[PDB]
Amino acid sequence: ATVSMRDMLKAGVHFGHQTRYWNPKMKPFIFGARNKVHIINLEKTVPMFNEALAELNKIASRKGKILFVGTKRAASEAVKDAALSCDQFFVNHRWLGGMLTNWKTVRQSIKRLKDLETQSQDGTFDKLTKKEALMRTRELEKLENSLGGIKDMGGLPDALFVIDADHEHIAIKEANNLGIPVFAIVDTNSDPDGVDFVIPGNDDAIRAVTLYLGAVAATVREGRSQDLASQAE
Amino acid sequence: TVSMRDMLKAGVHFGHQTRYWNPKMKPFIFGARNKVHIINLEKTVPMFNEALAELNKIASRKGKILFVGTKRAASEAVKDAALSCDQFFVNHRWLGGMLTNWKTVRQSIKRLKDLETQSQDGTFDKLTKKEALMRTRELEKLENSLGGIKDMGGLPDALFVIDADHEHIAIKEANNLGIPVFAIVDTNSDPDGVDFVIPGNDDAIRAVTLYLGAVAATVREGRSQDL
Amino acid sequence: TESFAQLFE
Ligand SMILES: [Zn+2]
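Protein chains in written order, with the deposited numbering: chain B, 2 to 234; chain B2, 3 to 229; chain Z1, 2 to 10.
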């Protein structure tokens, strides 16, 4: 969990946005301006990232629920696979508004969702109508899109790992209102004050995003190793 | 032929909880962790490889291998594997005297096959009067265990057992008659009378299929080389 | 890609 200060360099972590869209709070992590862009200071970046990795690793050891948030369509697919690979569930695209707080109200929603899935191999064959059938399938699709990937939790998650943060400012606000710790790949235009582990990367190119996903994925497997057995053969 | 990467995936290294363990198996164990014993896979393969060589040797002289898998989980798995290699199997209780008491069990198999045809042909039907029900249900019970060895197989030349404790009754009769035995001994099973031994997790569905694969492979290979 | 020396500077 000490990704070479050079691997990210080729990934694209150094290229932020332009000044026209630059969070002034991010000054501590600036190196200059290539073609009026803002090159994140990787040397400043890297200790924080590795530190959060360790933090997140001890979490998974205590068996604290982790979570990830979907972003752009490419990001969402990548997040899903990495999450499904181990555990820790995952959001997809919308964050379903006030999921946190209204977690009890969306719990009833999850209940109805699972029933429909179960009754999707039951109610479909019997009493099928050219009208009701389309109803069932379509609603399930919509529900699945976002609610799917969270239905497993069956309770309040104990951590969150979002990306960019700005695109999901709503998610961070609710998490701050409960104590649930979070991690965010803040970029040159993202308010990091609400984050407890500022990862000053770049939510872009996917390439670099895939690096962050791969990294954390590895740390949570170390947590599972403490939950299963040590390395040997 | 199996590799360390093969087993490491299946989980063969996983061993029963600390409390349950026969200290006689300590050599085959590496380092216990998280109140669970971790088999020393490094030792597993060298012996498993030797045993696969031996199984090939047997099948050369067209010997009869018998697979024993009472465990409900692996029971169906053992059934399927024994088909590909056409060797005998027993996926239910190892009826006492299965070997030692051969005369009795042999008469039983005779009864079975005779009942089989009669009912299969349809004779049973005409009889009805609840007597047809009796003979069909008797076939079921007999086949539930006796099935797999019906085609003779008197005094096999080897027994492959998934567990080295649950089937202690089998691991004994064979010793009395001098029939070599093999077993996927775990950490809670006595390493006695097993002769060629194989430290391996006998619980996980993943690992049992691994063992079945390799053993079935070598057995048919041996038949082919003699052919 | 930019030289390591300039990047580290
Ligand atoms: Zn960005």
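All C-beta atoms in this analysis are idealised placements derived from N, C-alpha and C, irrespective of residue type, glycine included.
Considered as a whole, the stretch 11-90 of chain B harbours 43-63 and 74-86 as its complete alpha helix (DSSP H) runs of no fewer than 4 residues, in chain order. Out of 193 (chain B2), 8 (chain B2), 29 (chain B2) and 115 (chain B2), the CA that lies nearest to the CA of residue 153 (chain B2) is found in 115 (chain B2). The continuous alpha helix (DSSP H) containing residue 9 (chain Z1) extends over residues 5-9.
Setting aside the 5 residues that flank it on each side, residue 226 (chain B2) has no residue in the same chain whose C-beta is closer than 7 Å to its C-beta.
One thing to note: residue 183 (chain B) has its Cβ within 9 Å of the Cβ of residue 177 (chain B). Secondary-structure assignment with DSSP links residue 165 (chain B) through a beta bridge to 187 (chain B).
Residue-level contact by beta carbon fails for residue 181 (chain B2) and chain B, as no gap is shorter than 9 Å.
Interface flag for residue 6 (chain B2) against chain B is set, since a Cβ pair is found closer than 9 Å. Interface annotation, residue 45 (chain B): not in contact with chain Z1, CB-CB separation never under 9 Å. According to DSSP, residue pairing for residue 160 (chain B2) in a beta bridge involves 67 (chain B2). Spatial neighbours of residue 18 (chain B2) in its own chain (CB-CB distance under 7 Å, excluding positions within 5 residues in sequence) are listed in chain order as 39, 188, 189 and 190.
Excluding five sequence positions before and after residue 69 (chain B2), the CB atoms of its chain that fall closer than 6 Å to its own CB belong to 80, 84, 91 and 162, given in chain order. Using a Cβ distance threshold of 9 Å, residue 213 (chain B2) and residue 171 (chain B2) do not count as a contacting pair. For residue 231 (chain B), a Cβ of chain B2 is located within less than 9 Å of the residue's own Cβ. Taking a beta-carbon distance threshold of 9 Å, residue 11 (chain B) counts as an interface residue toward chain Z1.
One residue after another in chain order, those with a Cβ under 5 Å from a heavy atom of ligand 1 are 188 (chain B), 204 (chain B) and 205 (chain B).
Ranked by Cα distance from residue 95 (chain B2), the options 88 (chain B2), 62 (chain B2), 111 (chain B2) and 143 (chain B2) are led by 143 (chain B2). If you check the CB distance, residue 111 (chain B2) and residue 148 (chain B2) come in under 9 Å.
The beta carbon of residue 167 (chain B2) sits closer than 7 Å to those of 190, 191 and 192, all from its chain and outside the five residues before and after it, given in chain order. When the alpha-carbon of residue 63 (chain B) is set against those of 158 (chain B), 234 (chain B) and 202 (chain B), the nearest one is in 158 (chain B). DSSP places residue 4 (chain B) outside both helix and strand once states are collapsed to three, so it counts as coil. At a cut-off of 9 Å between C-beta atoms, residue 15 (chain B) counts as an interface residue with respect to chain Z1. With a cutoff of 9 Å on beta-carbon distance, residue 36 (chain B2) and residue 229 (chain B) are scored as near each other.
Under the 9 Å criterion on CB atoms, residue 51 (chain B2) is classed as non-interfacial with respect to chain B.
Among the bridge pairs identified by DSSP, residue 199 (chain B) is matched with 185 (chain B). At least 9 Å separates the CB of residue 163 (chain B2) from every CB of chain B. Counting along the chain, residue 194 (chain B) sits inside no alpha helix (DSSP H), nor does DSSP assign it H or E at all. For residue 36 (chain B2), the residues of chain B that pass the 9 Å Cβ criterion are 227, 228, 229, 230 and 231, in the order they occur in the chain. Bounds of any alpha helix (DSSP H) do not take in residue 126 (chain B), whose DSSP letter is neither H nor E.
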